[PDB]
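Computed over heavy atoms, backbone and side chain alike; hydrogens, waters and symmetry mates excluded. Nothing fancy with the numbering, it's 1 onward along the sequence.
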Amino acid sequence: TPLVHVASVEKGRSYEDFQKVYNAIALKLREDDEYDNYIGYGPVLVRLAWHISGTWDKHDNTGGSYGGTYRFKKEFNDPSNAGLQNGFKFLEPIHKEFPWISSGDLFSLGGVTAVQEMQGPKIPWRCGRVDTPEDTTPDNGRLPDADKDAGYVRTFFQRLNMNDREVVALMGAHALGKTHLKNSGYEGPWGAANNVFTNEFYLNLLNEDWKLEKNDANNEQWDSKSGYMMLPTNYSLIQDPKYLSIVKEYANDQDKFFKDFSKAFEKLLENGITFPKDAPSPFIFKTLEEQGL
Ligand code: HEM
């Protein structure tokens, strides 16, 4: 009925093989520091791990990270994926170095790596995604719009099986990077620490004096005097009572946020995958720093 995507470990690889890919990404992150005005590739990699995952449809089990379908033109040229080509190029050389790793596994590890190296929480990760054929590539239009309200958000995330808690946690990734006019029709950073993983997003939402304004692309965005921006979908989080209570909690406790995020992010990345009982347990990779590298 609904596809069944069973995880299949890359033949003969163990934990140590994966830690080597991680370190490779990590080391390149450290070295290519000038990207986007010295933000680095951290943020775009996280966005890439979410975009390849965010196409999942719990109704027929199509999309998601399994297939590494972003490799195909259709998914690659999705207007919602504009700008991701930069994370793609960053990863190419690594792929060329470890050609045995599947695409889905690589794109998803890039995100875990980015988060952990940006001082975020540890995100357990599972290997086993298997490249699927060009024809399993989902149509464009499954990624969310930025100009909607909390109702849109709630409904949308439901398709990915995410509840309110998971939604607000995941949304905290909007502390990282920035919007780029040419990519999305939005411009500006979210906050001040744009390449360190913190609960900044929640604080900025609660504490700034947001003004609604139209940008150069004729889109509306919430602008603050500190020079930050919020998309309408971001802002809607304080418009909803249920969401707002969760925003406060995360504003108040970064620890809680980091725990919830971790869980939600793994789930996101594992949606649609069936893990057999003999499948290795999730891996927890060490950071460069933990390894003295
Ligand atoms: C309602 C859901 C979401 C919407 C509408 C949304 C929309 C956007 C937009 C329009 C951009 C700007 C891209 C650009 O102009 O380069 C952006 C950036 C970003 N998004 Fe989302 N996003 C959503 C959820 C998420 C989630 C779940 C994550 C990961 C947990 C995420 C991570 C990021 C990051 C890290 C960036 C910054 C990228 C960079 O600096 O290149 N977003 N988002």
### Query
When you measure from the centre of the six-membered ring of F283, is the NZ or CZ of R126 under 6.0 Å away and within 45° of the axis?
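Relative to the ring axis of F283, which defines the angle, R126 lies outside at least one limit.
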Using a distance-only test with no angle check, is there a side-chain donor-acceptor pair under 3.5 angstrom linking [X] and [Y]?
X	Y	result
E16	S14	yes
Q254	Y250	no
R71	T132	no
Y35	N86	yes
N61	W56	yes
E75	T69	yes

Review point. More than 12 foreign heavy atoms under 6.0 Å from CD of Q239: is that the case here?
Key: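 Counting other residues, nucleotides and ligands, CD of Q239 exceeds 12 neighbours.
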Does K20 have any salt bridge (charged side-chain N to carboxylate O under 4.0 Å, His left out) partners at least two apart in sequence or in another chain, and if so, which?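 For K20 there are no salt bridge (charged side-chain N to carboxylate O under 4.0 Å, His left out) partners, ignoring immediate neighbours.
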Item to check | Set of salt bridge (charged side-chain N to carboxylate O under 4.0 Å, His left out) partners for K267, sequence neighbours left out | outcome: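 Only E166 meet the salt bridge (charged side-chain N to carboxylate O under 4.0 Å, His left out) criterion with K267.
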Once the angle between the rings of [X] and [Y] is folded into 0 to 90°, is it parallel (under 30°), tilted (30 to 60°) or perpendicular (over 60°)?
X	Y	value
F285	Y15	parallel
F197	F257	parallel
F157	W50	parallel

Query raised in the report: Do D240 and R154 meet the salt-bridge criterion of a basic N to acidic O distance under 4.0 Å?
Result: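 Between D240 and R154 there is a salt bridge, with a charged N closer than 4.0 Å to a carboxylate O.
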Next on the checklist: Are the side chains of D17 and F98 in contact, using a 4.5 Å heavy-atom criterion?
Outcome noted: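 Not in contact.
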(Q) Do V196 and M118 make a side-chain contact, defined as non-hydrogen atoms from C-beta onward lying under 4.5 Å apart? (A)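 No, every pair of side-chain atoms sits at 4.5 Å or beyond.
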Find out if a path of hydrophobic residues (ILVMFWY) with successive side-chain heavy-atom gaps under 4.5 Å connects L288 to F90.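 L288 does not cluster with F90.
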**Prompt:** If you take all heavy atoms of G191 and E200, which pair is closest and at what distance?
**Reply:**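 Here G191 and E200 meet closest at CA-OE2, 3.3 Å.
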Worksheet item: salt bridge (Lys or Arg N to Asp or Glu O under 4.0 Å) between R165 and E249: does it pass, once the steps are laid out?
Response: CA-CA 11 Å; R165 178 160 296 271; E249 185 174 340; 3.3 Å; yes
Has [X] got a side-chain atom pairing as donor or acceptor with [Y]'s backbone, closer than 3.5 angstrom?
X	Y	answer
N215	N219	yes
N252	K248	yes
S108	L269	no

